[PDB]
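Participant: File target_20.txt follows (compact mmCIF, C-alpha atoms (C1' of nucleotides) and all ligand atoms):
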```txt
# COMPACT_ATOMS: atom_id res chain seq x y z
CA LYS H 1 15.90 -14.45 -16.03
CA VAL H 2 13.01 -11.99 -16.15
CA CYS H 3 9.63 -12.15 -14.38
CA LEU H 4 6.75 -12.55 -16.85
CA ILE H 5 4.53 -10.57 -14.49
CA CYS H 6 6.47 -7.42 -13.60
CA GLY H 7 9.74 -7.79 -15.50
CA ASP H 8 11.78 -7.82 -12.29
CA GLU H 9 14.60 -10.36 -11.92
CA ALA H 10 13.03 -13.82 -11.86
CA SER H 11 13.97 -16.13 -9.00
CA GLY H 12 12.62 -19.15 -10.84
CA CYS H 13 9.69 -21.16 -12.13
CA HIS H 14 6.96 -20.71 -9.53
CA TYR H 15 3.41 -22.08 -9.67
CA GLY H 16 3.97 -22.91 -13.34
CA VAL H 17 5.39 -19.58 -14.49
CA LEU H 18 8.84 -17.96 -14.52
CA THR H 19 8.56 -15.30 -11.80
CA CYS H 20 10.29 -13.44 -8.98
CA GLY H 21 9.66 -14.10 -5.30
CA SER H 22 7.41 -11.10 -4.71
CA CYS H 23 4.98 -12.21 -7.41
CA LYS H 24 5.15 -15.78 -6.07
CA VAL H 25 4.07 -14.92 -2.54
CA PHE H 26 1.69 -12.31 -3.95
CA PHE H 27 -0.02 -14.87 -6.13
CA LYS H 28 -0.48 -17.37 -3.32
CA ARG H 29 -1.72 -14.73 -0.88
CA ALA H 30 -4.06 -13.29 -3.52
CA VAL H 31 -5.64 -16.57 -4.57
CA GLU H 32 -6.21 -18.12 -1.16
CA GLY H 33 -6.88 -14.97 0.85
CA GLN H 34 -10.08 -12.89 0.88
CA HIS H 35 -8.97 -9.58 -0.67
CA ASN H 36 -10.98 -6.66 -2.02
CA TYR H 37 -8.85 -5.69 -5.01
CA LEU H 38 -10.42 -3.13 -7.29
CA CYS H 39 -8.84 -1.57 -10.41
CA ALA H 40 -8.84 2.23 -10.56
CA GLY H 41 -7.95 2.38 -14.25
CA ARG H 42 -8.95 0.41 -17.34
CA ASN H 43 -7.58 -3.09 -16.60
CA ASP H 44 -4.42 -2.36 -18.55
CA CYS H 45 -2.34 -0.97 -15.71
CA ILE H 46 1.39 -1.20 -16.22
CA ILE H 47 2.80 -3.84 -13.91
CA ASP H 48 6.52 -3.38 -13.40
CA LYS H 49 8.91 -3.43 -10.44
CA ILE H 50 8.01 0.14 -9.50
CA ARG H 51 4.25 0.14 -10.04
CA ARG H 52 3.29 -3.47 -9.25
CA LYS H 53 2.11 -2.39 -5.79
CA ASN H 54 -0.36 0.04 -7.39
CA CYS H 55 -2.98 -2.28 -8.86
CA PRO H 56 -3.15 -5.76 -7.26
CA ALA H 57 -6.16 -6.51 -9.46
CA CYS H 58 -4.25 -6.16 -12.73
CA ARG H 59 -1.25 -7.95 -11.21
CA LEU H 60 -3.43 -10.93 -10.28
CA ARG H 61 -4.92 -10.74 -13.77
CA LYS H 62 -1.49 -11.02 -15.36
CA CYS H 63 -0.68 -13.95 -13.06
CA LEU H 64 -3.81 -15.81 -14.13
CA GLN H 65 -3.34 -15.01 -17.81
CA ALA H 66 0.20 -16.34 -17.47
CA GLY H 67 -1.27 -19.64 -16.26
CA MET H 68 -0.24 -19.53 -12.60
CA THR H 69 -2.05 -22.00 -10.34
CA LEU H 70 -1.89 -23.78 -6.98
CA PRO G 1 -26.13 17.27 6.08
CA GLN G 2 -22.97 15.20 6.18
CA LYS G 3 -19.78 16.53 4.65
CA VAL G 4 -17.78 14.76 1.96
CA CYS G 5 -14.05 14.64 1.18
CA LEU G 6 -13.38 16.34 -2.16
CA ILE G 7 -10.54 13.90 -2.80
CA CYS G 8 -11.92 10.40 -2.14
CA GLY G 9 -15.58 10.93 -1.25
CA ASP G 10 -15.11 9.49 2.23
CA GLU G 11 -16.49 11.41 5.23
CA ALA G 12 -14.73 14.76 5.50
CA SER G 13 -13.37 15.55 8.97
CA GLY G 14 -13.09 19.22 8.08
CA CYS G 15 -11.42 21.93 6.03
CA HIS G 16 -7.77 20.91 5.87
CA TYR G 17 -4.97 22.79 4.08
CA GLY G 18 -7.63 24.88 2.35
CA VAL G 19 -9.93 22.07 1.20
CA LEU G 20 -12.77 20.06 2.77
CA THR G 21 -11.21 16.63 3.37
CA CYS G 22 -10.94 13.59 5.64
CA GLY G 23 -7.96 12.86 7.89
CA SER G 24 -6.31 10.30 5.64
CA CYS G 25 -6.11 12.68 2.66
CA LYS G 26 -4.89 15.42 5.00
CA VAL G 27 -1.95 13.53 6.44
CA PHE G 28 -1.35 11.98 3.01
CA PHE G 29 -1.07 15.41 1.43
CA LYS G 30 1.37 16.57 4.10
CA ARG G 31 3.53 13.46 3.79
CA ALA G 32 3.38 13.61 -0.01
CA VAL G 33 4.46 17.23 -0.46
CA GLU G 34 7.18 17.05 2.18
CA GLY G 35 8.26 13.40 1.77
CA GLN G 36 10.48 11.86 -0.92
CA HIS G 37 8.18 9.40 -2.69
CA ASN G 38 8.38 7.50 -5.97
CA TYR G 39 4.76 7.83 -6.98
CA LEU G 40 4.12 6.88 -10.60
CA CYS G 41 0.73 6.27 -12.21
CA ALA G 42 0.18 2.86 -13.83
CA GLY G 43 -2.80 4.07 -15.86
CA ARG G 44 -3.53 7.28 -17.74
CA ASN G 45 -3.19 9.83 -14.93
CA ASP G 46 -6.96 9.77 -14.42
CA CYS G 47 -7.39 6.99 -11.84
CA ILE G 48 -10.62 6.83 -9.84
CA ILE G 49 -9.95 7.96 -6.27
CA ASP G 50 -12.45 6.69 -3.72
CA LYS G 51 -12.25 5.15 -0.24
CA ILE G 52 -11.37 1.67 -1.53
CA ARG G 53 -8.91 2.61 -4.27
CA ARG G 54 -7.17 5.69 -2.83
CA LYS G 55 -4.30 3.43 -1.75
CA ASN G 56 -3.87 2.26 -5.36
CA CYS G 57 -2.50 5.34 -7.10
CA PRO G 58 -0.85 7.93 -4.81
CA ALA G 59 0.15 9.95 -7.89
CA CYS G 60 -3.43 10.61 -8.96
CA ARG G 61 -4.41 11.18 -5.32
CA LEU G 62 -1.76 13.87 -4.86
CA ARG G 63 -2.83 15.28 -8.23
CA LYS G 64 -6.42 15.62 -7.02
CA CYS G 65 -5.16 17.23 -3.80
CA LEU G 66 -3.19 19.84 -5.74
CA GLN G 67 -5.96 20.51 -8.25
CA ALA G 68 -8.39 20.95 -5.36
CA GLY G 69 -6.12 23.77 -4.21
CA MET G 70 -4.50 22.17 -1.17
CA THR G 71 -1.40 23.93 0.13
CA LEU G 72 0.74 24.22 3.26
CA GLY G 73 0.94 28.00 3.00
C1' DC X 1 15.35 -25.83 -7.18
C1' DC X 2 10.66 -24.89 -5.27
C1' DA X 3 7.09 -24.17 -1.70
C1' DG X 4 5.98 -22.17 2.45
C1' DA X 5 7.05 -19.83 6.73
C1' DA X 6 8.59 -15.94 9.05
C1' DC X 7 10.69 -11.57 9.77
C1' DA X 8 10.88 -6.49 8.60
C1' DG X 9 9.72 -2.25 6.15
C1' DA X 10 6.75 1.22 3.50
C1' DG X 11 2.72 3.32 3.29
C1' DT X 12 -1.29 4.36 5.35
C1' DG X 13 -5.21 5.78 8.81
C1' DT X 14 -6.97 6.68 13.41
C1' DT X 15 -6.78 8.64 18.09
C1' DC X 16 -5.34 12.10 21.06
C1' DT X 17 -4.06 17.05 22.20
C1' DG X 18 -4.04 22.12 22.29
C1' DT I 1 -11.82 25.44 14.06
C1' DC I 2 -7.27 22.56 12.41
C1' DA I 3 -2.49 21.01 12.50
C1' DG I 4 0.65 17.73 14.02
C1' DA I 5 2.36 13.75 16.81
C1' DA I 6 2.40 9.01 17.47
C1' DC I 7 0.74 4.36 17.55
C1' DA I 8 -1.31 0.51 15.00
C1' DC I 9 -2.77 -1.91 10.99
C1' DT I 10 -2.47 -3.69 5.94
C1' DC I 11 0.12 -4.98 2.33
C1' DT I 12 4.20 -6.22 0.58
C1' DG I 13 9.14 -8.27 -0.25
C1' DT I 14 13.24 -10.61 1.29
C1' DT I 15 15.27 -14.07 3.99
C1' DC I 16 14.93 -18.37 6.13
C1' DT I 17 13.42 -23.30 6.28
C1' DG I 18 11.81 -28.00 4.96
ZN ZN J 101 7.41 -10.30 -10.47
ZN ZN J 102 -5.53 -1.82 -12.70
ZN ZN J 103 -10.26 11.73 1.58
ZN ZN J 104 -3.09 6.90 -11.52
```
The structure in this file should be written as C-alpha cells.

Facilitator:
Amino acid sequence: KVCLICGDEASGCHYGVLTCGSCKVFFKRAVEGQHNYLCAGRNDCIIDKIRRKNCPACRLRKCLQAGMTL
Amino acid sequence: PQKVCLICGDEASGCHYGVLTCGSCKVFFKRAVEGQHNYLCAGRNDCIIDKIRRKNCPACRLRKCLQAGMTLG
DNA sequence: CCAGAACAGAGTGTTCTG
DNA sequence: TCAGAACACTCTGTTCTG
C-alpha cells in the first residue's frame, strides 16, 4: 500500500517494484531520457512525497537499488 | 572583469535587493519571500547551490539569499 | 492490473520596459 | 542603475487509454 521509493500511496507493482504512479513515470522518463541530474547533498537525500522533487538523482538511485527495470 | 552571482555563481545581472545577483535568483527571492511555498531541505541544510542544482533545493537557495543580506526594504 | 500516452500545473528563467 | 510584468520552458503528477 506504500511506495518503496517515497512512501506515498502505492498504485501498484510497477517495473518490478511496489510504487506510486509518479515514481513509475519518473523512473521510465529518467532511465530512457537524457537528463543531467546532479545531487546537491551527500547521496542520502530524504525522498518522500514532499521532497521527492528536490533530488532526482537520489530518487533514481532509490529506484535502481529497489530493483526497478524496463 | 565579469560579475558573479553570490547565490549560485552564475553570471550576475546586477545588484538586486541589496546583493549582486543574476535575474533568476532575483525573481526567485521575490517569489519566495512573498509567496506561500513548502520548501523543505532533503539534506542537511547545506546544499550546494550552483547553476545546475539551484532548482534542487529552494530552501537552501532562499537561505543563501537571506544570509547574503537580500531584502525587499 | 500494468504500461504508456496525454493533459495540466508548479516552479522556474528570460525578455521587455521605464 | 533596478524592479516588476509577462510569456515560455522544464519537470513533474494525475488522468486517460490500450
Ligand atoms: Zn513514489
Ligand atoms: Zn541527493
Ligand atoms: Zn543566481
Ligand atoms: Zn537543502

Participant: Quick one, how far is atom CA of residue 66 of chain H from atom CA of residue 50 of chain G?

Facilitator: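 So the answer is 29.7 Å.
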
Participant: For residue 5 of chain I, please output as a VMD selection string all residues within 12 Å (counting only C-alpha atoms (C1' of nucleotides); exclusion window: fewer than 6 positions along the same chain).

Facilitator: (chain G and resid 27) or (chain X and resid 15 to 18)

Participant: Kindly list the centre and edge lengths in Å, rounded to one decimal, for the axis-aligned box that covers all listed atoms of segment 42-59 of chain G plus 6 Å on each of its six sides, as JSON.

Facilitator:
```
{"center_x": -6.1, "center_y": 5.8, "center_z": -9.0, "size_x": 24.6, "size_y": 20.3, "size_z": 29.5}
```

Participant: For atom CA of residue 59 of chain G and atom CA of residue 6 of chain H, determine how far apart the two atoms are, in Å to one decimal place.

Facilitator: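 Atom CA of residue 59 of chain G sits 19.3 Å away from atom CA of residue 6 of chain H.
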
Participant: Counting all atoms listed in the file, a student should be able to say which residues of chain H come within 8 Å of chain G; what is the right answer, written as a ChimeraX atom specification?

Facilitator: /H:38-42,44-47,50-51,53-55

Participant: Those residues with C-alpha atoms, as a CSV table (one decimal), in the frame of the given file please?

Facilitator:
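Listed below is the output, part_14.csv:
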```
chain,number,residue,atom,x,y,z
H,38,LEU,CA,-10.4,-3.1,-7.3
H,39,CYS,CA,-8.8,-1.6,-10.4
H,40,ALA,CA,-8.8,2.2,-10.6
H,41,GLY,CA,-8.0,2.4,-14.2
H,42,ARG,CA,-9.0,0.4,-17.3
H,44,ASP,CA,-4.4,-2.4,-18.6
H,45,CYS,CA,-2.3,-1.0,-15.7
H,46,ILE,CA,1.4,-1.2,-16.2
H,47,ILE,CA,2.8,-3.8,-13.9
H,50,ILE,CA,8.0,0.1,-9.5
H,51,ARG,CA,4.2,0.1,-10.0
H,53,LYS,CA,2.1,-2.4,-5.8
H,54,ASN,CA,-0.4,0.0,-7.4
H,55,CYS,CA,-3.0,-2.3,-8.9
```

Participant: Would you mind listing what lies within 9 Å of residue 13 of chain I as a PyMOL selection string, with all atoms listed in the file counted and same-chain residues fewer than 6 positions away left out?

Facilitator: (chain H and resi 21-22+25) or (chain X and resi 9)

Participant: When the cut-off is 7 Å and you count all atoms listed in the file, which residues lie near ligand ZN 101 (chain J), shown as a PDB file with C-alpha atoms, keeping the file's coordinate frame?

Facilitator:
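What follows is the written file result_9.pdb:
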```pdb
ATOM      1  CA  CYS H   3       9.630 -12.150 -14.380  1.00  0.00           C
ATOM      2  CA  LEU H   4       6.750 -12.550 -16.850  1.00  0.00           C
ATOM      3  CA  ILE H   5       4.530 -10.570 -14.490  1.00  0.00           C
ATOM      4  CA  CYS H   6       6.470  -7.420 -13.600  1.00  0.00           C
ATOM      5  CA  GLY H   7       9.740  -7.790 -15.500  1.00  0.00           C
ATOM      6  CA  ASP H   8      11.780  -7.820 -12.290  1.00  0.00           C
ATOM      7  CA  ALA H  10      13.030 -13.820 -11.860  1.00  0.00           C
ATOM      8  CA  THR H  19       8.560 -15.300 -11.800  1.00  0.00           C
ATOM      9  CA  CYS H  20      10.290 -13.440  -8.980  1.00  0.00           C
ATOM     10  CA  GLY H  21       9.660 -14.100  -5.300  1.00  0.00           C
ATOM     11  CA  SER H  22       7.410 -11.100  -4.710  1.00  0.00           C
ATOM     12  CA  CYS H  23       4.980 -12.210  -7.410  1.00  0.00           C
TER      13      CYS H  23
END
```

Participant: Considering all atoms listed in the file, give me a table of residues in chain I that are at most 12 Å from chain G, with the closest atom pair and distance in Å for each, as a tab-separated table.

Facilitator:
```
residue	atom	partner	partner_atom	distance
I:1	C1'	G:14	CA	8.7
I:2	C1'	G:16	CA	6.8
I:3	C1'	G:16	CA	8.5
I:4	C1'	G:27	CA	9.0
I:5	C1'	G:27	CA	11.2
I:10	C1'	G:55	CA	10.6
I:11	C1'	G:55	CA	10.3
```

Participant: Give me, as a ChimeraX atom specification, the contact residues of chain G against chain X at a cut-off of 8 Å, counting all atoms listed in the file.

Facilitator: /G:23-24,28,55

Participant: Mind giving me the straight-line distance from atom CA of residue 69 of chain G to atom CA of residue 19 of chain G in Å, one decimal?

Facilitator: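 One can read the atom CA of residue 69 of chain G to atom CA of residue 19 of chain G distance as 6.8 Å.
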
Participant: How would you report the residues lying within 6 Å of ligand ZN 103 (chain J), as a PyMOL selection string, if you count only C-alpha atoms (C1' of nucleotides) and all ligand atoms?

Facilitator: chain G and resi 5+7-8+10+21-22+24-25

Participant: Dump as a tab-separated table the rows for residues of chain H within 10 Å of chain X: closest atom pair and distance in Å with one decimal, only C-alpha atoms (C1' of nucleotides) counted, ordered by chain and rising residue number.

Facilitator:
```
residue	atom	partner	partner_atom	distance
H:11	CA	X:1	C1'	10.0
H:12	CA	X:1	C1'	8.1
H:13	CA	X:2	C1'	7.9
H:14	CA	X:2	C1'	7.0
H:15	CA	X:2	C1'	8.9
H:24	CA	X:3	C1'	9.7
H:25	CA	X:4	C1'	9.0
H:28	CA	X:4	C1'	9.9
```

Participant: Produce a file of the selected residues containing C-alpha atoms, as a tab-separated table (two decimals), in the coordinates of the input.

Facilitator:
```tsv
chain	number	residue	atom	x	y	z
H	11	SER	CA	13.97	-16.13	-9.00
H	12	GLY	CA	12.62	-19.15	-10.84
H	13	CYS	CA	9.69	-21.16	-12.13
H	14	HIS	CA	6.96	-20.71	-9.53
H	15	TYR	CA	3.41	-22.08	-9.67
H	24	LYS	CA	5.15	-15.78	-6.07
H	25	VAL	CA	4.07	-14.92	-2.54
H	28	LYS	CA	-0.48	-17.37	-3.32
```

Participant: So which one's closest to chain I, H:35, H:65, H:60, H:70? Using all atoms listed in the file, please.

Facilitator: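 Of H:35, H:65, H:60, H:70, the one nearest chain I, counting all atoms listed in the file, is H:35.
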
Participant: Which is closer to ligand ZN 104 (chain J) than all the others in G:6, G:11, G:70, G:61, using only C-alpha atoms and all ligand atoms?

Facilitator: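 Selected residue with least distance to ligand ZN 104 (chain J): G:61.
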
Participant: Kindly write C-alpha atoms of chain H from the structure just given to a file, as an mmCIF file, in the first residue's frame.

Facilitator:
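Output (part.cif):
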```
data_model
loop_
_atom_site.group_PDB
_atom_site.id
_atom_site.type_symbol
_atom_site.label_atom_id
_atom_site.label_comp_id
_atom_site.auth_asym_id
_atom_site.auth_seq_id
_atom_site.Cartn_x
_atom_site.Cartn_y
_atom_site.Cartn_z
ATOM 1 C CA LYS H 1 0.000 0.000 0.000
ATOM 2 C CA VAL H 2 3.061 2.222 0.380
ATOM 3 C CA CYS H 3 5.615 3.276 -2.252
ATOM 4 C CA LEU H 4 9.068 1.839 -1.533
ATOM 5 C CA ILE H 5 10.626 4.921 -3.111
ATOM 6 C CA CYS H 6 8.916 7.915 -1.492
ATOM 7 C CA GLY H 7 6.436 6.348 0.931
ATOM 8 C CA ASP H 8 3.467 7.881 -0.885
ATOM 9 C CA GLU H 9 0.382 5.724 -1.519
ATOM 10 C CA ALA H 10 1.390 2.956 -3.917
ATOM 11 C CA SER H 11 -0.730 2.461 -7.028
ATOM 12 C CA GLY H 12 0.753 -0.966 -7.634
ATOM 13 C CA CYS H 13 3.670 -3.130 -8.692
ATOM 14 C CA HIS H 14 5.423 -1.168 -11.424
ATOM 15 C CA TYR H 15 8.616 -2.139 -13.259
ATOM 16 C CA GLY H 16 9.198 -4.837 -10.645
ATOM 17 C CA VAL H 17 8.670 -2.748 -7.512
ATOM 18 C CA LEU H 18 5.656 -1.644 -5.456
ATOM 19 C CA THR H 19 5.360 2.068 -6.278
ATOM 20 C CA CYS H 20 3.047 5.011 -6.906
ATOM 21 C CA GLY H 21 2.342 6.460 -10.344
ATOM 22 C CA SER H 22 4.633 9.466 -10.019
ATOM 23 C CA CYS H 23 7.657 7.272 -9.333
ATOM 24 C CA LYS H 24 6.596 4.961 -12.184
ATOM 25 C CA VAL H 25 6.555 7.640 -14.861
ATOM 26 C CA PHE H 26 9.576 9.270 -13.223
ATOM 27 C CA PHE H 27 11.572 6.075 -13.444
ATOM 28 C CA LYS H 28 10.758 5.492 -17.104
ATOM 29 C CA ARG H 29 11.445 9.109 -18.054
ATOM 30 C CA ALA H 30 14.685 9.090 -16.061
ATOM 31 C CA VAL H 31 16.098 5.879 -17.496
ATOM 32 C CA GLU H 32 15.305 6.432 -21.165
ATOM 33 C CA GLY H 33 15.668 10.209 -21.320
ATOM 34 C CA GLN H 34 18.919 12.203 -21.365
ATOM 35 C CA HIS H 35 18.808 14.093 -18.045
ATOM 36 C CA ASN H 36 21.504 15.990 -16.161
ATOM 37 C CA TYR H 37 20.623 15.064 -12.591
ATOM 38 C CA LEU H 38 23.170 16.124 -10.014
ATOM 39 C CA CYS H 39 22.920 15.659 -6.223
ATOM 40 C CA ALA H 40 23.456 18.787 -4.124
ATOM 41 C CA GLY H 41 23.860 16.891 -0.866
ATOM 42 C CA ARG H 42 25.568 13.660 0.172
ATOM 43 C CA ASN H 43 23.599 10.995 -1.758
ATOM 44 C CA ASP H 44 21.375 10.343 1.244
ATOM 45 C CA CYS H 45 18.670 12.872 0.465
ATOM 46 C CA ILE H 46 15.323 12.133 2.033
ATOM 47 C CA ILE H 47 12.904 11.040 -0.654
ATOM 48 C CA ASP H 48 9.313 11.424 0.479
ATOM 49 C CA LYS H 49 6.095 12.776 -1.029
ATOM 50 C CA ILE H 50 7.081 16.356 -0.209
ATOM 51 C CA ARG H 51 10.779 16.348 -1.089
ATOM 52 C CA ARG H 52 10.957 13.787 -3.923
ATOM 53 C CA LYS H 53 11.055 16.625 -6.464
ATOM 54 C CA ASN H 54 14.199 18.011 -4.808
ATOM 55 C CA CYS H 55 16.836 15.458 -5.774
ATOM 56 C CA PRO H 56 16.031 13.386 -8.898
ATOM 57 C CA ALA H 57 19.472 11.807 -8.611
ATOM 58 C CA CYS H 58 18.813 10.217 -5.225
ATOM 59 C CA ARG H 59 15.274 9.298 -6.308
ATOM 60 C CA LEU H 60 16.631 7.441 -9.334
ATOM 61 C CA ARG H 61 19.200 5.852 -7.038
ATOM 62 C CA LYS H 62 16.484 4.516 -4.754
ATOM 63 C CA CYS H 63 14.590 3.216 -7.791
ATOM 64 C CA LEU H 64 17.632 1.304 -9.015
ATOM 65 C CA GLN H 65 18.513 -0.015 -5.557
ATOM 66 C CA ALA H 66 14.923 -1.213 -5.300
ATOM 67 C CA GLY H 67 15.473 -3.244 -8.466
ATOM 68 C CA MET H 68 13.321 -1.282 -10.910
ATOM 69 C CA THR H 69 13.950 -2.031 -14.588
ATOM 70 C CA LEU H 70 12.466 -1.755 -18.079
#
```
